[PDB]
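The structure appears below as structure tokens.
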Protein chains: 2
Amino acid sequence: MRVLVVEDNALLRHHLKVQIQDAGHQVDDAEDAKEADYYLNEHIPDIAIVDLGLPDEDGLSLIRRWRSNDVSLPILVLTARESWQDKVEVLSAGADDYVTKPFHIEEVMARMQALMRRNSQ
Amino acid sequence: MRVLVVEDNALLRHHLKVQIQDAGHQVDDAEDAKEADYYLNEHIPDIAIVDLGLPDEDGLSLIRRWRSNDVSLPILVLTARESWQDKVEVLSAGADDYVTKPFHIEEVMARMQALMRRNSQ
Ligand code: BEF
Ligand code: BEF
Ligand SMILES: [Mg+2]
Ligand SMILES: [Mg+2]
Ligand SMILES: [Pt+2]
Ligand SMILES: [Pt+2]
Ligand SMILES: [Pt+2]
Ligand SMILES: [Pt+2]
Ligand SMILES: [Pt+2]
Ligand SMILES: [Pt+2]
């Protein structure tokens, strides 16, 4: 179980990784889109948690690019963007789930397990 | 693409089925847990939309029962129960997604497509 976290908020990015590592997985944490590509190419993760607001390329663009290149791993978006329209666009672009901030780590964890649970049943 | 809708609010149940039928699928609509079992046994749906508050057995109980009997089809819960704790419990019980009412049909549709998209990629 390898997880990739893409989040530019350093504190949040670190907390997420620790939570996920404590849950029992190997985790890579990227602070922007390009660094996400680095880890993706180094080790294709089983699942990715993706933030939408990033310093350069935004999460939606990253997701579209990845899907267009046959990267099919489950992607759960965790973002401050709350509009239902963005949820629709992001999910339609290839995201598997979409959670808004502020969030409850317990729900994100349960949603990750739902994706992993089915991805490897 | 066969969908099963389990909802005791008749008007809502009918609207959902029409929406889903208009989207291009065959749809069965059940008004309670036991009737859901009827359709499930008649034709195993590719995906089920499940309401939690039902006249007799509640949605959570139905989901647990189905999962315990090897029924593994994707399940998206659509309910008035909003607490994050219920979301965690229901997802942990086997639900694949959880959407609260009131909702935007466009988001539910996008979430159903995400499940179907991966379930049959
Ligand atoms: F910047 Be992320 F979308 F919260
Ligand atoms: F009765 Be359902 F949970 F909206
Ligand atoms: Mg950000
Ligand atoms: Mg109900
Ligand atoms: Pt934190
Ligand atoms: Pt997690
Ligand atoms: Pt996991
Ligand atoms: Pt309606
Ligand atoms: Pt739908
Ligand atoms: Pt469909």
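By convention in this document, chain letters (A, B, ...) are assigned in the order of the sequence lines, proteins followed by strands, and residues within each chain are numbered from 1.
Here the closest heavy-atom approach between residue B/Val6 and residue B/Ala36 is recorded as CG2-CB, 3.7 Å.
Here A/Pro74 is the residue among A/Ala110, A/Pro74, A/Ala95, A/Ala114 with the most heavy-atom pairs under 4.5 Å with chain B.
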Enumerate the inter-chain donor-acceptor pairs under 3.5 Å for chain B and chain A, one line per pair.
{"unit_1": "B/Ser72", "atom_1": "O", "unit_2": "A/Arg118", "atom_2": "NH1", "d": "2.9"}
{"unit_1": "B/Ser72", "atom_1": "O", "unit_2": "A/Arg118", "atom_2": "NH2", "d": "2.9"}
{"unit_1": "B/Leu73", "atom_1": "O", "unit_2": "A/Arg118", "atom_2": "NH2", "d": "3.4"}
{"unit_1": "B/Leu91", "atom_1": "O", "unit_2": "A/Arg117", "atom_2": "NH1", "d": "3.1"}
{"unit_1": "B/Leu91", "atom_1": "O", "unit_2": "A/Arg117", "atom_2": "NH2", "d": "3.1"}
{"unit_1": "B/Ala95", "atom_1": "O", "unit_2": "A/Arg117", "atom_2": "NH2", "d": "2.9"}
{"unit_1": "B/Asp96", "atom_1": "OD1", "unit_2": "A/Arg118", "atom_2": "NE", "d": "2.7"}
{"unit_1": "B/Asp96", "atom_1": "OD1", "unit_2": "A/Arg118", "atom_2": "NH2", "d": "3.3"}
{"unit_1": "B/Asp96", "atom_1": "OD2", "unit_2": "A/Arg118", "atom_2": "NH2", "d": "2.9"}
{"unit_1": "B/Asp97", "atom_1": "OD1", "unit_2": "A/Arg111", "atom_2": "NH1", "d": "2.9"}
{"unit_1": "B/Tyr98", "atom_1": "O", "unit_2": "A/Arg111", "atom_2": "NH2", "d": "3.1"}
{"unit_1": "B/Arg111", "atom_1": "NH1", "unit_2": "A/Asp97", "atom_2": "OD1", "d": "2.9"}
{"unit_1": "B/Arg111", "atom_1": "NH2", "unit_2": "A/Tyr98", "atom_2": "O", "d": "3.1"}
{"unit_1": "B/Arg117", "atom_1": "NH1", "unit_2": "A/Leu91", "atom_2": "O", "d": "3.1"}
{"unit_1": "B/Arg117", "atom_1": "NH2", "unit_2": "A/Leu91", "atom_2": "O", "d": "3.1"}
{"unit_1": "B/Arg117", "atom_1": "NH2", "unit_2": "A/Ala95", "atom_2": "O", "d": "2.9"}
{"unit_1": "B/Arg118", "atom_1": "NE", "unit_2": "A/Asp96", "atom_2": "OD1", "d": "2.7"}
{"unit_1": "B/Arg118", "atom_1": "NH1", "unit_2": "A/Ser72", "atom_2": "O", "d": "2.9"}
{"unit_1": "B/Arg118", "atom_1": "NH2", "unit_2": "A/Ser72", "atom_2": "O", "d": "2.9"}
{"unit_1": "B/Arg118", "atom_1": "NH2", "unit_2": "A/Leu73", "atom_2": "O", "d": "3.4"}
{"unit_1": "B/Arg118", "atom_1": "NH2", "unit_2": "A/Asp96", "atom_2": "OD1", "d": "3.3"}
{"unit_1": "B/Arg118", "atom_1": "NH2", "unit_2": "A/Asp96", "atom_2": "OD2", "d": "2.9"}

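Looking at A/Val3 and A/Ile49, their side chains come closer than 4.5 Å, going by heavy atoms from C-beta outward. A heavy-atom distance below 4.5 Å is not found between the side chains of A/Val77 and A/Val99. Within the 4.5 Å cutoff, the side chain of B/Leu4 has no heavy atoms near those of the B/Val27 side chain. By the 4.5 Å heavy-atom criterion applied to side chains, B/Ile63 and B/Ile75 are counted as neighbours.
Other residues sharing the hydrophobic cluster of B/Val18, ordered by chain and number and joined by side-chain separations under 4.5 Å: none, the residue standing alone.
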